[PDB]
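Below is one structure, written out as structure tokens; comments come after it.
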Amino acid sequence: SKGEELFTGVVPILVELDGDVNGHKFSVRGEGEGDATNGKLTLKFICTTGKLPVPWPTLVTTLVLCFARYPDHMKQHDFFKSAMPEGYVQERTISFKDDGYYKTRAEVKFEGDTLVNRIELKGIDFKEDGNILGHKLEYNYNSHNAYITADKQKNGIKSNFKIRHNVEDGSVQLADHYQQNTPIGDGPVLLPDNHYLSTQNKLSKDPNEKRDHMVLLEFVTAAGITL
């Protein structure tokens with residue numbers, strides 16, 4: 001994988017999201033940096049259209065798996081870096097239990113020296129006074145595993161996983177993710193054996209930021225293939 005050479009140091013990240021949830025149009029811009037050598041991402045996201053009309057935690061998975069730390073013995077299974085710099089398309093359906101769903105289409109690729117994640121998001125069938133449109137989710141994030149499988153027929157990867165979002169009444173709002181990734185270029189990519197990504201997230205606020213925003217620190221580590 002030549003693409004791996006692009007991630008030996010810290011790389012600046014740009015995230016641009018345009019969204020439409022039940023007809024609500026909104027935009028998010030994020031800026032920060034990622035270091036695949038320790039799997040660490042640090043970004044700040046701002047809603048550029050006013051108040052974010054869905055909860056920030058529900059956008060974390062949508063807002064760059066090429067920064068996952070793959071241990072040396074697993075580097076042959078790193079589809080995400082192998083697709084670089086031309087990049088890959090990442091598509092998801094995210095089903096919120098007892099509520100609506102997101103459909104997302106993103107391109108992840110290098111634009112100059114910056115790794116860019118550009119996303120179109122559509123949300124439909126969300127409930128009035130539900131946990132999403134009513135902003136009833138806690139501002140926090142649980143640790144999760146996302147298992148990755150090869151999708152040979154699409155020359156890409158697939159993944160299905162559930163996110164637990166804590167509700168402020170102590171209940172949990174499940175978000176069922178179905179993901180597929182396909183390379184943008186025609187060059188060879190690494191199709192992996194089964195494995196998983198272990199992800200942790202810390203959400204915070206910038207005390208000097210007056211816009212609706214999210215400060216995010218994320219660790220992503222590949223696992224599940226031993227020596």
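Ordered as shown in the structure tokens, chains take letters A, B, and onward, while each chain numbers its residues from 1 and ligands are numbered from 1 in the order shown.
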Spatial neighbours of residue 170 (chain A), max dist 10 Å, only C-alpha atoms, sep filter under 4 positions, as an MDAnalysis selection string:
chainID A and resid 137:138 166
Using the selection just defined, write its residues with C-alpha atoms as an mmCIF file, in the first residue's frame.
```cif
data_model
loop_
_atom_site.group_PDB
_atom_site.id
_atom_site.type_symbol
_atom_site.label_atom_id
_atom_site.label_comp_id
_atom_site.auth_asym_id
_atom_site.auth_seq_id
_atom_site.Cartn_x
_atom_site.Cartn_y
_atom_site.Cartn_z
ATOM 1 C CA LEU A 137 -29.686 13.079 23.805
ATOM 2 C CA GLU A 138 -26.884 13.556 26.307
ATOM 3 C CA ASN A 166 -27.693 8.012 25.916
#
```
Secondary structure check, strand (DSSP E or B) residues of chain A, as a count of residues only:
117
For residue 121 (chain A), list every protein, DNA or RNA residue within 10 Å, evaluated using only C-alpha atoms, and leave out those in the same chain fewer than 3 positions away; present the list as an mmCIF file with N, CA and C atoms, in the first residue's frame.
```cif
data_model
loop_
_atom_site.group_PDB
_atom_site.id
_atom_site.type_symbol
_atom_site.label_atom_id
_atom_site.label_comp_id
_atom_site.auth_asym_id
_atom_site.auth_seq_id
_atom_site.Cartn_x
_atom_site.Cartn_y
_atom_site.Cartn_z
ATOM 1 N N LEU A 17 -20.183 19.215 5.672
ATOM 2 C CA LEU A 17 -21.426 18.464 5.634
ATOM 3 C C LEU A 17 -22.562 19.401 5.255
ATOM 4 N N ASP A 18 -23.365 18.998 4.272
ATOM 5 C CA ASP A 18 -24.630 19.668 3.982
ATOM 6 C C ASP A 18 -25.747 18.682 4.273
ATOM 7 N N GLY A 19 -26.736 19.130 5.043
ATOM 8 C CA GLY A 19 -27.746 18.244 5.568
ATOM 9 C C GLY A 19 -29.150 18.742 5.288
ATOM 10 N N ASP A 20 -30.077 17.795 5.351
ATOM 11 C CA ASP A 20 -31.482 18.070 5.090
ATOM 12 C C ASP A 20 -32.225 17.010 5.892
ATOM 13 N N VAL A 21 -32.741 17.402 7.050
ATOM 14 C CA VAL A 21 -33.425 16.476 7.958
ATOM 15 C C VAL A 21 -34.871 16.940 8.084
ATOM 16 N N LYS A 25 -32.729 22.450 6.353
ATOM 17 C CA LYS A 25 -31.411 22.499 5.734
ATOM 18 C C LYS A 25 -30.399 23.075 6.711
ATOM 19 N N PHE A 26 -29.227 22.452 6.773
ATOM 20 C CA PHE A 26 -28.187 22.940 7.671
ATOM 21 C C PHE A 26 -26.839 22.551 7.101
ATOM 22 N N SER A 27 -25.788 23.218 7.595
ATOM 23 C CA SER A 27 -24.440 22.900 7.154
ATOM 24 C C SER A 27 -23.515 22.866 8.357
ATOM 25 N N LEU A 59 -24.269 12.964 14.717
ATOM 26 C CA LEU A 59 -23.482 13.214 13.515
ATOM 27 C C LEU A 59 -22.044 12.718 13.611
ATOM 28 N N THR A 62 -20.857 10.156 11.032
ATOM 29 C CA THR A 62 -20.855 10.703 9.679
ATOM 30 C C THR A 62 -19.684 11.665 9.476
ATOM 31 N N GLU A 91 -20.854 5.425 2.146
ATOM 32 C CA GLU A 91 -22.305 5.567 2.166
ATOM 33 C C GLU A 91 -22.870 4.851 3.377
ATOM 34 N N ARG A 92 -23.841 5.479 4.043
ATOM 35 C CA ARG A 92 -24.488 4.832 5.172
ATOM 36 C C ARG A 92 -25.992 5.043 5.141
ATOM 37 N N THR A 93 -26.700 4.082 5.727
ATOM 38 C CA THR A 93 -28.044 4.286 6.248
ATOM 39 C C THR A 93 -27.955 4.141 7.760
ATOM 40 N N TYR A 102 -31.143 8.489 8.793
ATOM 41 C CA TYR A 102 -30.234 9.250 7.948
ATOM 42 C C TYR A 102 -29.786 8.403 6.772
ATOM 43 N N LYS A 103 -29.622 9.065 5.632
ATOM 44 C CA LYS A 103 -28.889 8.516 4.497
ATOM 45 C C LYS A 103 -27.725 9.454 4.239
ATOM 46 N N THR A 104 -26.519 8.912 4.149
ATOM 47 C CA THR A 104 -25.354 9.753 3.929
ATOM 48 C C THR A 104 -24.540 9.256 2.746
ATOM 49 N N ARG A 105 -23.965 10.204 2.006
ATOM 50 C CA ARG A 105 -23.017 9.903 0.936
ATOM 51 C C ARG A 105 -21.832 10.833 1.115
ATOM 52 N N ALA A 106 -20.638 10.269 1.260
ATOM 53 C CA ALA A 106 -19.460 11.084 1.516
ATOM 54 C C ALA A 106 -18.324 10.674 0.592
#
```
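Within region 42-211 of chain A, DSSP run on the backbone puts these residues in alpha helix (DSSP H): residues 79, 80, 81 and 82 of chain A.
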Can those selected residues be exported to a file as a short mmCIF file (atom, residue, chain, number, x, y, z; two decimals), in the first residue's frame so that it contains C-alpha atoms?
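Okay, out_0.cif is ready:
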```
data_model
loop_
_atom_site.label_atom_id
_atom_site.label_comp_id
_atom_site.auth_asym_id
_atom_site.auth_seq_id
_atom_site.Cartn_x
_atom_site.Cartn_y
_atom_site.Cartn_z
CA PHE A 79 -8.61 -0.72 2.83
CA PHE A 80 -9.02 2.92 3.82
CA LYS A 81 -5.44 4.03 3.37
CA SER A 82 -4.99 1.79 0.33
#
```
Can I get the residues of region 34-133 of chain A within 6 Å of region 220-225 of chain A, each with the closest pair of atoms and their distance in Å to one decimal, using only C-alpha atoms, sorted chain first then ascending number, as a Markdown table?
```
| residue | atom | partner | partner_atom | distance |
| --- | --- | --- | --- | --- |
| A:39 | CA | A:220 | CA | 4.9 |
| A:68 | CA | A:220 | CA | 4.8 |
| A:69 | CA | A:221 | CA | 4.7 |
| A:70 | CA | A:222 | CA | 5.0 |
```
When you look at residue 130 (chain A) with a cut-off of 8 Å (counting only C-alpha atoms), what residues show up, excluding the ones that are within fewer than 5 positions of it in the same chain? I need them as a ChimeraX atom specification.
/A:99,135-136
Writer output for current selection, C-alpha atoms, as an mmCIF file, in the first residue's frame:
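Saved to part-v2.cif:
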```cif
data_model
loop_
_atom_site.group_PDB
_atom_site.id
_atom_site.type_symbol
_atom_site.label_atom_id
_atom_site.label_comp_id
_atom_site.auth_asym_id
_atom_site.auth_seq_id
_atom_site.Cartn_x
_atom_site.Cartn_y
_atom_site.Cartn_z
ATOM 1 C CA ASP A 99 -37.634 7.346 14.940
ATOM 2 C CA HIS A 135 -32.600 17.280 21.223
ATOM 3 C CA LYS A 136 -33.037 14.845 24.101
#
```
Which of these, A:77, A:97, A:109, A:44, has the shortest distance to residue 185 (chain A) once you count only C-alpha atoms?
A:109
Neighbour list for residue 194 (chain A) as a ChimeraX atom specification, cut-off 12 Å, only C-alpha atoms, skip fewer than 2 positions in-chain
/A:74,76-79,146-151,157-159,191-192,196-197,222-226
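CA of residue 168 (chain A) is found 17.5 Å from CA of residue 202 (chain A).
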Of the candidates A:162, A:180, A:133, A:140, which one gets nearest to residue 52 (chain A) if we count only C-alpha atoms?
A:133
Counting only C-alpha atoms, what is within 12 Å of residue 13 (chain A), bar same-chain residues fewer than 6 positions away, as a PyMOL selection string?
chain A and resi 7+29-35+41-45+63-64+66-67+108-118
File dump, residues just selected, C-alpha atoms, as a short mmCIF file (atom, residue, chain, number, x, y, z; two decimals), in the first residue's frame:
```cif
data_model
loop_
_atom_site.label_atom_id
_atom_site.label_comp_id
_atom_site.auth_asym_id
_atom_site.auth_seq_id
_atom_site.Cartn_x
_atom_site.Cartn_y
_atom_site.Cartn_z
CA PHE A 7 -0.28 8.87 6.96
CA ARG A 29 -17.80 22.69 8.78
CA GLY A 30 -15.04 20.96 10.72
CA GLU A 31 -11.30 21.53 10.85
CA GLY A 32 -8.53 19.68 12.66
CA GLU A 33 -5.97 16.96 12.18
CA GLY A 34 -5.41 13.22 12.36
CA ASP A 35 -2.48 10.98 13.20
CA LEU A 41 -8.25 12.64 15.64
CA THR A 42 -8.82 16.17 16.99
CA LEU A 43 -11.41 18.38 15.30
CA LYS A 44 -13.74 21.27 15.95
CA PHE A 45 -17.07 21.40 14.12
CA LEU A 63 -18.33 13.48 10.38
CA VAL A 64 -12.36 9.48 8.29
CA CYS A 66 -8.23 6.25 7.01
CA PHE A 67 -6.83 7.60 10.32
CA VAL A 108 -13.02 11.01 1.57
CA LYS A 109 -9.90 12.00 -0.36
CA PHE A 110 -6.84 14.24 -0.39
CA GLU A 111 -7.32 17.75 -1.80
CA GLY A 112 -3.80 19.08 -1.83
CA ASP A 113 -2.19 18.29 1.52
CA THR A 114 -5.55 18.05 3.35
CA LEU A 115 -7.68 14.97 3.94
CA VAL A 116 -11.22 16.09 3.09
CA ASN A 117 -14.50 14.45 4.11
CA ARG A 118 -17.35 15.96 2.07
#
```
Can you tell me how far CA of residue 131 (chain A) sits from CA of residue 14 (chain A), in Å to one decimal?
28.5 Å
Check the smallest atom-to-atom distance from each of A:160, A:171, A:208, A:8 to residue 95 (chain A) using only C-alpha atoms, then report the winner.
A:160
